[PDB]
Amino acid sequence: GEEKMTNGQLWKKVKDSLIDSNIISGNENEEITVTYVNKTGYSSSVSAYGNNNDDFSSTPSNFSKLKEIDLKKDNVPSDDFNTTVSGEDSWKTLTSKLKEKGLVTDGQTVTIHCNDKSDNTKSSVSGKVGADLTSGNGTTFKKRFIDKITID
């Protein structure tokens with residue numbers, strides 16, 4: 001068990017989740033600031049773009065826990081321009097990709113907003129690690145307008 005890694009190597013394992021899902025293109029036009037915390041009370045944000053891997057820090061490998069995420073996307077080109085996500089779906093694959101690398105704990109409440117600035121609509125979805133969604137599901141939201149994620 002060599003589940004120790006840097007900012008870059010951690011954040012990659014928290015990026016490639018969203019690649020499996022339909023939430024990001026993985027272009028040079030999306031950035032994700034993932035905040036996490038170690039055994040000690042020290043938070044750490046790591047902010048990087050969806051082209052390439054991330055490695056711009058030589059940070060310690062005391063990883064133990066998570067904190068929020070801040071999300072950013074530009075005006076996306078044709079490939080992914082129509083992309084929307086079935087709300088539940090945009091929590092499902094994401095969470096289903098993180099325990100693979102031990103990057104959630106067994107009951108965390110991962111909460112995802114949508115901030116749609118089209119027809120005056122916003123919402124959120126929420127569940128636990130392992131269950132299905134007791135809040136949010138049965139609905140769909142646009143890719144470009146999902147930009148705020150927190151954990152309990």
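Quick reminder, even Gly has a Cβ in these numbers, built from the backbone with ideal geometry, and neighbours come from all protein chains shown. Only the coordinates and a few stated rules stand behind these numbers; no lab work does.
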_Need pairs with beta-carbon distance below 7 Å; first residue on the phi > 0 side of the Ramachandran plot and within the stretch 82-106, second assigned to a loop (DSSP other than H, G, I, E, B); sequence gap 6+ or separate chains._
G87/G136; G87/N137; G87/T139; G87/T140; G102/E3
*From the list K117, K128, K97, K92, which residue is crowded, with 16+ Cβ neighbours inside 10 Å, in a loop (DSSP other than H, G, I, E, B) and not aliphatic (A, V, I, L, M)?*
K128
*Kindly provide the set of residues from the stretch 51-64 that are surrounded by 14 or more Cβ atoms within 10 Å (Cβ to Cβ) and in a strand (DSSP E or B), ordered by number.*
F63
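Taking the conditions exactly as written (part of a loop (DSSP other than H, G, I, E, B) and more than 24 Å from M5 (Cβ to Cβ)), does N75 satisfy them or not? Steps first, answer last, please.
On the way: part of a loop (DSSP other than H, G, I, E, B): yes; more than 24 Å from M5 (Cβ to Cβ): yes.
It is true that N75 is part of a loop (DSSP other than H, G, I, E, B) and more than 24 Å from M5 (Cβ to Cβ).
Residue under question is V104, and the condition is that it be surrounded by 19 or more Cβ atoms within 10 Å (Cβ to Cβ), in a strand (DSSP E or B) and in contact with a helix residue (DSSP H, G or I) (Cβ under 6 Å, 6 or more places away or on another chain); does it hold?
Values: surrounded by 19 or more Cβ atoms within 10 Å (Cβ to Cβ): yes; in a strand (DSSP E or B): no; in contact with a helix residue (DSSP H, G or I) (Cβ under 6 Å, 6 or more places away or on another chain): yes.
Against the criterion (surrounded by 19 or more Cβ atoms within 10 Å (Cβ to Cβ), in a strand (DSSP E or B) and in contact with a helix residue (DSSP H, G or I) (Cβ under 6 Å, 6 or more places away or on another chain)), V104 does not qualify.
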_Checking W11 against (1) assigned to a loop (DSSP other than H, G, I, E, B); (2) within 23 Å of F145 (Cα to Cα); (3) not hydroxyl-bearing (S, T, Y), only one condition comes out false. Which one?_
(1)
*For residues that are surrounded by 14 or more Cβ atoms within 10 Å (Cβ to Cβ) and hydroxyl-bearing (S, T, Y), scanning just the stretch 36-50, find the one that is farthest from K12 (Cα to Cα).*
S44
*Name the pairs whose Cβ atoms lie under 9 Å apart, with the first residue in the stretch 28-51 and more than 19 Å from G102 (Cα to Cα) and in contact (Cβ under 8 Å) with a residue 40 or more places away in the chain, the second small (G, A, S) and assigned to a strand (DSSP E or B), and 6 or more positions between them or separate chains?*
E31/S47; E31/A48; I32/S47; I32/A48
*Please list, ordered by first then second residue, the pairs with beta carbon atoms under 7 Å, 6 or more apart or interchain, first in the stretch 1-27 and in contact (Cβ under 8 Å) with a residue 60 or more places away in the chain, second outside any helix (DSSP H, G or I) and surrounded by fewer than 16 Cβ atoms within 10 Å (Cβ to Cβ).*
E3/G102; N22/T83
